[PDB]
Amino acid sequence: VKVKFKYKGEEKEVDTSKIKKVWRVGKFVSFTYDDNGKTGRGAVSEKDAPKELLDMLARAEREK
DNA sequence: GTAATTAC
DNA sequence: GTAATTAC
């Protein structure tokens, strides 16, 4: 499942297998991901987030 | 400005 | 400490 989003004006697609930290900010979901040698950042509205990303969020919230 | 949390 | 992210 690819999460599609624009960040710093750049269009990106990221496989969920590369997504790491996921958290909730207001009505959007923010996350980090492995971006070949560096850790990237991205965010999408909760209403546009794919189910798998929402489940990663649920799991990260329980970890606390 | 705040909301969470980060890379820079 | 800034800029980034969607909404309020």
Side-chain angles (χ1 to χ4, degrees):
Chain A
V1 163
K2 319 285 202 51
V3 180
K4 188 187 183 172
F5 56 99
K6 186 181 304 307
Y7 191 94
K8 271 230 87 133
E10 286 197 23
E11 245 283 342
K12 322 285 288 63
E13 1 264 339
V14 57
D15 199 286
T16 52
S17 69
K18 305 286 223 49
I19 293 176
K20 298 195 298 188
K21 294 174 181 164
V22 187
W23 67 95
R24 181 199 316 280
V25 184
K27 293 183 155 192
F28 72 92
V29 183
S30 197
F31 50 86
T32 51
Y33 64 95
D34 280 329
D35 194 28
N36 39 293
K38 61 181 183 182
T39 301
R41 288 167 290 181
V44 295
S45 65
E46 169 186 38
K47 71 175 183 71
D48 289 355
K51 186 179 189 290
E52 212 169 62
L53 181 67
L54 294 167
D55 299 338
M56 284 182 78
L57 175 65
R59 288 199 298 280
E61 290 192 316
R62 296 235 62 149
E63 300 180 306
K64 190 55 185 55

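In what follows, chains are A, B, ... by sequence order, proteins preceding strands, each numbered from 1. Only this structure's heavy atoms are used, side chains among them; waters, hydrogens and symmetry mates stay out.
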Spacing between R41(A) atom CZ and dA7(B) atom P, to the nearest angstrom | 7 Å
Distance in angstrom units between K47(A) NZ and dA7(C) P, rounded = 6 Å
Would you say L57(A) and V44(A) are hydrophobically clustered, going by side-chain heavy atoms of ILVMFWY under 4.5 Å?
-> yes
Does a donor on one side chain sit under 3.5 Å from an acceptor on the other, for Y33(A) and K12(A)?
-> yes
Within-4.5 Å side-chain heavy-atom neighbours: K2(A) and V14(A) | no
Where the side chain of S45(A) is concerned, which of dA4(B), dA4(C), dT6(C) is the nearest nucleotide?
-> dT6(C)
5'-most contact on DNA chain B: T32(A) or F28(A), nearest heavy atom basis?
-> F28(A)
Measure from the side-chain heavy atoms of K27(A) and tell me the nearest of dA4(B), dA4(C), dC8(C).
-> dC8(C)
Is there a donor in the side chain of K20(A) and an acceptor in the side chain of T39(A), or the other way round, less than 3.5 Å apart?
-> yes
Side chains of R59(A) and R62(A): does their closest heavy-atom pair fall under 4.5 Å?
-> no
Per atom distances to the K38(A) side chain, the nearest of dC8(C), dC8(B), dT6(C) is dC8(B)
Which part of the nucleic acid does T39(A) contact within heavy-atom distance under 4.0 Å: base, sugar-phosphate only, or nothing?
-> sugar-phosphate
Starting at CD of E10(A) and ending at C1' of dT5(C), how long is that distance when rounded to a whole Å?
-> 14 Å
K8(A) side-chain proximity, nearest of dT5(B), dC8(B), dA4(C) = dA4(C)
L53(A) atom CG is separated from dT5(C) atom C1', nearest whole Å, by 13 Å
Rounded distance (Å) that lies between atom P of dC8(C) and atom CZ of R24(A) | 15 Å
Which whole-number value in Å describes the distance from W23(A) CH2 to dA3(B) P?
-> 16 Å
Integer-rounded Å distance: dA4(B) P and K20(A) NZ = 21 Å
Over how many whole Å does the gap from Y33(A) atom OH to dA4(C) atom P extend?
-> 15 Å
